[PDB]
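So basically every Cβ, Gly included, is an ideal-geometry build from the backbone, and we count neighbours across all protein chains shown. Just so it is clear, none of the values below were taken in a lab; they were calculated from the coordinates.
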Amino acid sequence: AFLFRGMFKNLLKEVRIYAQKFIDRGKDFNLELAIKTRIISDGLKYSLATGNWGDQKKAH
Amino acid sequence: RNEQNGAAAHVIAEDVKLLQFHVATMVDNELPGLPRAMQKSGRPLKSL
Amino acid sequence: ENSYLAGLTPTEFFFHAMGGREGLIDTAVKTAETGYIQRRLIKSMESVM
Amino acid sequence: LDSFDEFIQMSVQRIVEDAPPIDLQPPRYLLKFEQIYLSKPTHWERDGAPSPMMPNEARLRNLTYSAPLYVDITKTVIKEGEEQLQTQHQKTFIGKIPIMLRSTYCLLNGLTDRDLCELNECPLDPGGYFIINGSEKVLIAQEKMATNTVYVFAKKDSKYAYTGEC
DNA sequence: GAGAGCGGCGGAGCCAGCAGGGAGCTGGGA
RNA sequence: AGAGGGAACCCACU
DNA sequence: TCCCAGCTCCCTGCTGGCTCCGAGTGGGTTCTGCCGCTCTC
């Protein structure tokens, strides 16, 4: 749950960034291209595989 | 290149500041109070 | 109050484990400090002849 | 097994519902996440056809024993027209969650010894681990200081004679 | 348009350093 | 006809 | 000519910073950027 909270936060941040970038030109976005499952899936896989309990950028 | 063009006299101060960081961190990466040199994947560089 | 032949009673077993853990800890701990002391002494007096 | 079961049953839904709704605008756009769905573990081939994946096949082919996660999102659009149109994207795929073996969401749940032997699984295997890229991984419990309680300590060389923390 | 290549994003123990506090001399007035 | 790398982390031995 | 008040200067005490932390050895694992956008066939 400690990982999933931050990973859902990162998913929401990426969705917001993509949606804002797309609607700054005035067009309506699409949800499936906004959500990237790679963050949650690869982050959980990395944290379980390596044992470094956190983000990939902060191993120390 | 920026010395030939002349720049705006504060980009020169910015580049020399970043050149100061790059030269000194090659000699020593363990400077306190400064960001560590980063190439890749959360692993800091190994200085001399 | 019981010997090893009669068997330690479970409270005595737990207290004996508590006693032996201290010796295990001391054996694990003292090695690094002793090694550092030995290295410092040798590097101080290595060239005296 | 109970820790992972409680995680999947309650904590994922609680984290999803706890996050604030997305407000972003020139036209007012609202995003809300309502309900999560977790399917049984499955594997998509290069053709894309989904098939159930056994833990033994995951071990042999160096796969990850994971299950897809689907969430329901409601999108209400406001373009300054005084009415709003709501659109729901039911079962939106958002990621893969690795599944602890022999839990309530594993494919080996509730199976008999004959079924376990037919699936080439040891009946005496306790489970409780993850298969990540074919390697069996176990999560070790970490001790931490208890929260929400008042403790009083005393330090040696600190300027404070007595300190209480919570 | 597909292929693609590069452009960008804890603890313990010696030194330096400053700050506060007296001797001591010097110009001003007795 | 001498191939053929490295860092990090974990476990274990005396 | 000489008595004070004010400025000068050295020591003392305290705080912050830096470097160190046993010797060998056998296995295992993951990771070695990535999204993108102009560019080329």
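Within the stretch A:7-44, restricting attention to residues that are more than 21 Å from residue D:13 (Cβ to Cβ) and aromatic (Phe, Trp, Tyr), which residue is nearest to DNA strand G (Cβ to nearest atom)?
A:18
Name the single residue that is nearest to residue A:8 (Cα to Cα) among those in the stretch D:25-50 being at the interface with chain A (Cβ under 10 Å from one of its Cβ atoms) and surrounded by fewer than 16 Cβ atoms within 10 Å (Cβ to Cβ).
Across the stretch D:25-50, the extreme among qualifying residues is D:25.
For the stretch A:3-22, indicate whether the set of residues that are within 7 Å of another protein chain (Cβ to nearest Cβ), farther than 21 Å from residue D:24 by Cβ, not in a helix (DSSP H, G or I) and not small (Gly, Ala, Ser) is non-empty.
Looking for residues that are within 7 Å of another protein chain (Cβ to nearest Cβ), farther than 21 Å from residue D:24 by Cβ, not in a helix (DSSP H, G or I) and not small (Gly, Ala, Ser), one finds none in the stretch A:3-22, hence no.
Tell me yes or no: at least one residue of the stretch C:7-17 is exposed (fewer than 10 other Cβ atoms within 10 Å of the Cβ) and either under 13 Å from the mean Cα position of the chain (by Cα) or charged (D, E, K, R) (or both).
No, that holds for no residue.
Looking at this structure, is residue A:40 within 18 Å of residue D:139 (Cβ to Cβ) and more than 14 Å from RNA strand F (Cβ to nearest atom)?
So residue A:40 fits the description; yes.
Looking at the stretch A:45-60, which of its residues are at the interface with chain B (Cβ under 7 Å from one of its Cβ atoms), among the basic types (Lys, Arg) and near DNA strand G (Cβ under 9 Å from one of its atoms)?
The answer is none; no residue qualifies.
List, please: which pairs have Cβ atoms under 6 Å, are six or more places apart or on different chains, and start with a residue in the stretch D:1-18 that is under 19 Å from residue D:93 (Cβ atoms) and end with one that is among the basic types (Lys, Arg)?
D:15/A:5
Can residue A:1 be described as within 16 Å of RNA strand F (Cβ to nearest atom), exposed (fewer than 15 other Cβ atoms within 10 Å of the Cβ) and within 30 Å of residue D:3 (Cα to Cα)?
no
Please name all residue pairs, on different chains or six or more residues apart, with Cβ atoms under 9 Å, provided the first residue is in the stretch B:17-35 and is on the phi > 0 side of the Ramachandran plot and the second residue is more than 16 Å from RNA strand F (Cβ to nearest atom) and among the polar types (S, T, N, Q).
Listed pairs, sorted by first residue: none to list.
Could you tell me whether the stretch B:27-48 includes any residue that is within 16 Å of RNA strand F (Cβ to nearest atom), surrounded by 12 or more Cβ atoms within 10 Å (Cβ to Cβ) and farther than 23 Å from residue A:52 by Cβ?
Checked against the condition, which is being within 16 Å of RNA strand F (Cβ to nearest atom), surrounded by 12 or more Cβ atoms within 10 Å (Cβ to Cβ) and farther than 23 Å from residue A:52 by Cβ, the stretch B:27-48 yields at least one hit.
Considering only the stretch D:110-166, how many residues are loosely packed, with under 10 Cβ neighbours inside 10 Å, away from chain A (no Cβ under 14 Å) and of a type in the set (A, V, I, L, M)?
Residues flagged as loosely packed, with under 10 Cβ neighbours inside 10 Å, away from chain A (no Cβ under 14 Å) and of a type in the set (A, V, I, L, M) within the stretch D:110-166 amount to 7.
Please count how many residues of the stretch D:41-52 are within 14 Å of residue D:97 (Cα to Cα) and not hydroxyl-bearing (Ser, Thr, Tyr).
The qualifying residues number 2.
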